[PDB]
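So this first bit is one chain, no partners, the form deposited in one PDB entry, shown in structure tokens.
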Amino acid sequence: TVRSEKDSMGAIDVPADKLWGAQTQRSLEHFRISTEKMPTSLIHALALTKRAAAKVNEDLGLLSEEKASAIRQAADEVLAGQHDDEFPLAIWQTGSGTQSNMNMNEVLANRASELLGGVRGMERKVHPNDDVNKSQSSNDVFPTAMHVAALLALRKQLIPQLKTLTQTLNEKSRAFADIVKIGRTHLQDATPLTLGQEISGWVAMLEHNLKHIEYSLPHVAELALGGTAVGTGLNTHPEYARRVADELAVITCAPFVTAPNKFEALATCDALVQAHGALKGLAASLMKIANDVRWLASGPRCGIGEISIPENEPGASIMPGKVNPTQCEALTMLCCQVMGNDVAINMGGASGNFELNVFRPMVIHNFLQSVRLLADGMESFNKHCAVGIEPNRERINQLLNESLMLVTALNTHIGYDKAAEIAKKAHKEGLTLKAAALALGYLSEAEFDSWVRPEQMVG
């Protein structure tokens, strides 16, 4: 049931049906904190980092072709989802990510040994440190995997979902471009704008956010690998850093480059602090959009009720028309989460010392969570709410013609002071605008219905 594996501290029992080794087993004894583990995206990024290092070590004559090929095949198995239960370590581990680095070194070594016709354990043919970790430190591997995971998740999950939601809202803005509704400022009745114009604000927000996120990508694409322990690259080949960044760029099809300054790359999480700044901006924009949708849909009788949204959940038959805006609630909740995650990231990023920032597992846990939340949240909100937004045209028109600020249209005809008098009149008593205007003899009713035209008041 168990196997005895060894490190420099001695022997330790490891489950026979697992591929990790002594160091992973010790971490399981020493870091039994909560339930958060490395996410799949990070495990995959670590496997890609080892795959690239193995290829470059082979190219430089430092690692045999048979070992380099077996390591790459084992890494491909991780990427293919064959070893998810081989990565049991907590986020709340050593702050450099050493334990997860060793987790990957041990799993890949034991598995590559089997691929070469050998066995897992201390008789293995491939060695976690001398082979899988060759030319590397935990110090430069872990920030490399952080940036690989972050850049790929932004490119493959978040940005596509952001574009998809933007396109849906752009279509809605065009479809509702002629529907005049009442504006609200301070929650109070204002002047008209079209529903398409209001939605066009949401679209412009999402377009701006995309640009801000795109501006953060070049820094995230810079990789620490090759800085080794403290940034000098001592005892590495002078071409290794460029070569491994090039290999990661080839195998991921993403524009990874070696970090021009390895001291900044090891001592900080600055690229992720900055990139997460753009994500909390997106969270603030999505919060506003989600709130507008649920407030506009509120009712069906005692709120605003200007739009309808899809009803996705069942309800009591005695309560027809209570449609809780549950996609909006999920989205607003995750936006709060992103704001909190930003604070955790900022504290970790502010807290480097000398040659190494050792808040890294926590920083990447928060960062990748925010990406998942925003990407999946935008997908969910798009599919289950935004694509189905529809106007309640009768309710929109009823509210539009209730606003006393339609009196704006009378300025050019009878002057601001008499328009302000009609509005103050209708407000002080319980009268409409036209009832107030006719009681003052400032115009005829035909003059009113010809001059007060909301469709002419939207620019």
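All residue numbers refer to positions in the sequence shown, first residue = 1. Just so we're on the same page, rigid core means the largest C-alpha set that superposes within 1.5 Å between forms.
Another form, the form deposited in another entry, is not on view; read the next lines as being about it.
- Fit the rigid core and compare the CA positions between this form and the one not shown: of 56, 70, 410, 38, just 410 moves by 2 angstroms or more.
- With the core held fixed between this form and the one not shown, residue 439 has its Cα displaced by at least 2 Å.
- Residue 422 shows a C-alpha shift of 2 Å or greater between this form and the one not shown [criterion: core-superposed Cα displacement of 2 Å].
- Residue 13 is not among the residues whose C-alpha shifts by 2 Å or more between this form and the one not shown once the rigid core is aligned; its shift stays under 2 Å.
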